[PDB]
Amino acid sequence: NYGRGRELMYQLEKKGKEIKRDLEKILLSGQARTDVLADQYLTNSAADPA
Amino acid sequence: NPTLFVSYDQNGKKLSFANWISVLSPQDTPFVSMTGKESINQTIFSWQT
């Protein structure tokens with residue numbers, strides 16, 4: 001431990017949150033709204049037959 | 001039906017175990033106990049000569 005000493009690799013808390021530039025694209029992308037709840041979200045037809 | 005109660009009918013013992021253990025395995029490490037130690041940063045290192 002005489003060389004690398006940048007906080008003992010405590011990174012990924014800031015300057016490294018690049019996930020934001022992927023979230024931005026996910027929002028401004030033309031992906032569908034696929035789901036499994038039959039688009040109702042409140043089926044509850046005798047204890048969620050699904 | 002005893003009449004003397006001599007060190008055998010005494011129920012409810014405690015076993016008077018000891019408070020140590022004898023690890024007789026050989027732990028003698030003279031080379032290690034003699035050679036010093038040094039904190040290294042990375043896995044790989046070097047020394048000049």
# chains A, B, ... in the order shown; residues from 1 in each chain; ligands from 1

$ interface_residues --of "chain B" --to "chain A" --cutoff "6 Å" --atoms "only C-alpha atoms" --output "MDAnalysis selection string"
chainID B and resid 40:42

$ write_last_selection --atoms "N, CA and C atoms" --output "PDB file, in the first residue's frame"
ATOM      1  N   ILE B  40       2.957  -3.886   3.452  1.00  0.00           N
ATOM      2  CA  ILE B  40       3.084  -3.636   2.024  1.00  0.00           C
ATOM      3  C   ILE B  40       1.737  -3.165   1.494  1.00  0.00           C
ATOM      4  N   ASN B  41       1.786  -2.294   0.486  1.00  0.00           N
ATOM      5  CA  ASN B  41       0.561  -1.737  -0.077  1.00  0.00           C
ATOM      6  C   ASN B  41      -0.096  -2.714  -1.044  1.00  0.00           C
ATOM      7  N   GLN B  42       0.607  -3.070  -2.113  1.00  0.00           N
ATOM      8  CA  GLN B  42       0.077  -3.939  -3.153  1.00  0.00           C
ATOM      9  C   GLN B  42       0.663  -5.339  -3.026  1.00  0.00           C
TER      10      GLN B  42
END

$ atom_distance --atom1 "CA of residue 20 (chain A)" --atom2 "CA of residue 8 (chain A)"
24.5 Å

$ select_by_dssp --residues "chain A" --states "alpha helix (DSSP H)" --output "PyMOL selection string"
chain A and resi 19-27

$ write_last_selection --atoms "N, CA, C and O atoms" --output "compact mmCIF listing (two decimals), in the first residue's frame"
# COMPACT_ATOMS: atom_id res chain seq x y z
N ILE A 19 -25.06 6.13 -13.87
CA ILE A 19 -26.38 5.52 -14.01
C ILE A 19 -27.43 6.57 -14.39
O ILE A 19 -28.47 6.24 -14.97
N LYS A 20 -27.17 7.83 -14.05
CA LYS A 20 -28.11 8.90 -14.38
C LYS A 20 -28.22 9.10 -15.89
O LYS A 20 -29.33 9.30 -16.41
N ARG A 21 -27.10 9.05 -16.61
CA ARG A 21 -27.15 9.22 -18.05
C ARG A 21 -27.76 8.02 -18.76
O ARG A 21 -28.10 8.12 -19.94
N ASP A 22 -27.91 6.89 -18.06
CA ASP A 22 -28.67 5.76 -18.59
C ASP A 22 -30.15 5.89 -18.27
O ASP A 22 -31.01 5.54 -19.09
N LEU A 23 -30.47 6.37 -17.07
CA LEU A 23 -31.86 6.66 -16.72
C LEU A 23 -32.45 7.68 -17.68
O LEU A 23 -33.61 7.56 -18.09
N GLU A 24 -31.67 8.70 -18.04
CA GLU A 24 -32.16 9.72 -18.96
C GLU A 24 -32.57 9.09 -20.29
O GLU A 24 -33.63 9.41 -20.84
N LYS A 25 -31.74 8.18 -20.81
CA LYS A 25 -32.07 7.53 -22.08
C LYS A 25 -33.26 6.60 -21.92
O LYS A 25 -34.14 6.55 -22.80
N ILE A 26 -33.32 5.86 -20.82
CA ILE A 26 -34.45 4.98 -20.58
C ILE A 26 -35.75 5.77 -20.58
O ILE A 26 -36.78 5.31 -21.08
N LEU A 27 -35.72 6.98 -20.02
CA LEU A 27 -36.90 7.83 -20.04
C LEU A 27 -37.19 8.34 -21.45
O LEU A 27 -38.32 8.24 -21.94

$ atom_distance --atom1 "CA of residue 43 (chain B)" --atom2 "CA of residue 9 (chain A)"
15.6 Å

$ atom_distance --atom1 "CA of residue 6 (chain A)" --atom2 "CA of residue 38 (chain B)"
21.0 Å

$ decode --residues "region 6-47 of chain B" --atoms "N, CA and C atoms" --output "tab-separated table (two decimals), in the first residue's frame"
chain	number	residue	atom	x	y	z
B	6	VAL	N	-19.87	-42.88	51.43
B	6	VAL	CA	-18.44	-42.65	51.24
B	6	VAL	C	-18.11	-42.44	49.76
B	7	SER	N	-18.15	-41.18	49.32
B	7	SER	CA	-17.59	-40.72	48.06
B	7	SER	C	-18.12	-41.47	46.84
B	8	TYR	N	-19.14	-42.30	47.00
B	8	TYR	CA	-19.70	-43.04	45.87
B	8	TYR	C	-21.20	-42.83	45.74
B	9	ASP	N	-21.93	-42.78	46.85
B	9	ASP	CA	-23.36	-42.48	46.82
B	9	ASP	C	-23.64	-40.99	46.72
B	10	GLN	N	-22.60	-40.16	46.61
B	10	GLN	CA	-22.77	-38.71	46.53
B	10	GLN	C	-23.21	-38.34	45.12
B	11	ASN	N	-24.52	-38.20	44.94
B	11	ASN	CA	-25.06	-37.82	43.64
B	11	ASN	C	-25.05	-36.30	43.49
B	12	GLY	N	-25.05	-35.86	42.23
B	12	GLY	CA	-25.01	-34.44	41.94
B	12	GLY	C	-23.60	-33.87	42.02
B	13	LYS	N	-22.70	-34.39	41.19
B	13	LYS	CA	-21.32	-33.94	41.18
B	13	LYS	C	-21.20	-32.65	40.36
B	14	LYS	N	-19.96	-32.18	40.22
B	14	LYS	CA	-19.65	-31.03	39.38
B	14	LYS	C	-18.54	-31.30	38.38
B	15	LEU	N	-17.80	-32.40	38.52
B	15	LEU	CA	-16.77	-32.89	37.62
B	15	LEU	C	-15.47	-32.09	37.72
B	16	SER	N	-15.45	-30.96	38.42
B	16	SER	CA	-14.23	-30.20	38.71
B	16	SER	C	-13.27	-30.18	37.52
B	17	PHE	N	-13.80	-29.82	36.36
B	17	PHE	CA	-12.95	-29.71	35.18
B	17	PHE	C	-11.88	-28.64	35.39
B	18	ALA	N	-10.87	-28.67	34.53
B	18	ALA	CA	-9.81	-27.68	34.56
B	18	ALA	C	-10.20	-26.46	33.73
B	19	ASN	N	-9.37	-25.42	33.80
B	19	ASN	CA	-9.60	-24.17	33.10
B	19	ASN	C	-8.50	-23.90	32.09
B	20	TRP	N	-8.07	-24.94	31.38
B	20	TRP	CA	-7.07	-24.79	30.33
B	20	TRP	C	-7.13	-26.00	29.42
B	21	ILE	N	-6.33	-25.95	28.35
B	21	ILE	CA	-6.22	-27.04	27.39
B	21	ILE	C	-4.77	-27.13	26.94
B	22	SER	N	-4.33	-28.36	26.68
B	22	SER	CA	-2.95	-28.64	26.29
B	22	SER	C	-2.92	-28.96	24.81
B	23	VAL	N	-2.56	-27.97	24.00
B	23	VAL	CA	-2.38	-28.16	22.56
B	23	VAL	C	-0.91	-28.50	22.36
B	24	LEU	N	-0.59	-29.78	22.49
B	24	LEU	CA	0.79	-30.24	22.42
B	24	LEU	C	1.37	-30.20	21.01
B	25	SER	N	0.56	-29.88	20.01
B	25	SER	CA	1.07	-29.81	18.65
B	25	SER	C	2.24	-28.83	18.58
B	26	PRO	N	3.23	-29.08	17.73
B	26	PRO	CA	4.40	-28.21	17.68
B	26	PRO	C	4.11	-26.86	17.04
B	27	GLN	N	4.25	-25.79	17.82
B	27	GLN	CA	4.08	-24.43	17.33
B	27	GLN	C	5.40	-23.68	17.20
B	28	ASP	N	6.53	-24.35	17.45
B	28	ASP	CA	7.83	-23.70	17.36
B	28	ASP	C	8.05	-23.15	15.96
B	29	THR	N	8.20	-21.83	15.84
B	29	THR	CA	8.40	-21.16	14.56
B	29	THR	C	9.54	-20.16	14.73
B	30	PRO	N	10.78	-20.65	14.85
B	30	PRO	CA	11.90	-19.72	15.10
B	30	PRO	C	12.15	-18.77	13.94
B	31	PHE	N	12.10	-19.26	12.70
B	31	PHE	CA	12.35	-18.40	11.56
B	31	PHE	C	11.37	-17.23	11.53
B	32	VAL	N	10.08	-17.52	11.73
B	32	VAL	CA	9.07	-16.47	11.69
B	32	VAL	C	9.21	-15.54	12.88
B	33	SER	N	9.42	-16.10	14.07
B	33	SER	CA	9.56	-15.27	15.26
B	33	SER	C	10.81	-14.40	15.22
B	34	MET	N	11.80	-14.77	14.40
B	34	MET	CA	13.02	-13.99	14.28
B	34	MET	C	12.93	-12.95	13.18
B	35	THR	N	12.40	-13.31	12.02
B	35	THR	CA	12.29	-12.38	10.91
B	35	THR	C	11.22	-11.33	11.20
B	36	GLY	N	11.49	-10.10	10.78
B	36	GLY	CA	10.56	-9.01	10.99
B	36	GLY	C	9.42	-9.02	9.99
B	37	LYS	N	8.52	-8.05	10.16
B	37	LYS	CA	7.37	-7.89	9.29
B	37	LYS	C	7.32	-6.45	8.80
B	38	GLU	N	6.60	-6.25	7.70
B	38	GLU	CA	6.52	-4.93	7.07
B	38	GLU	C	5.21	-4.82	6.31
B	39	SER	N	4.51	-3.71	6.50
B	39	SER	CA	3.24	-3.49	5.83
B	39	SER	C	3.48	-3.09	4.38
B	40	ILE	N	2.96	-3.89	3.45
B	40	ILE	CA	3.08	-3.64	2.02
B	40	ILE	C	1.74	-3.16	1.49
B	41	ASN	N	1.79	-2.29	0.49
B	41	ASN	CA	0.56	-1.74	-0.08
B	41	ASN	C	-0.10	-2.71	-1.04
B	42	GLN	N	0.61	-3.07	-2.11
B	42	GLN	CA	0.08	-3.94	-3.15
B	42	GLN	C	0.66	-5.34	-3.03
B	43	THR	N	0.03	-6.28	-3.73
B	43	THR	CA	0.45	-7.68	-3.65
B	43	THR	C	1.88	-7.85	-4.12
B	44	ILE	N	2.25	-7.18	-5.20
B	44	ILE	CA	3.57	-7.33	-5.79
B	44	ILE	C	4.48	-6.23	-5.25
B	45	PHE	N	5.76	-6.54	-5.12
B	45	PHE	CA	6.74	-5.60	-4.60
B	45	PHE	C	8.09	-5.91	-5.23
B	46	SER	N	9.14	-5.27	-4.71
B	46	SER	CA	10.47	-5.43	-5.27
B	46	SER	C	11.48	-4.81	-4.31
B	47	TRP	N	12.75	-5.13	-4.53
B	47	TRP	CA	13.84	-4.60	-3.73
B	47	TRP	C	15.08	-4.49	-4.60
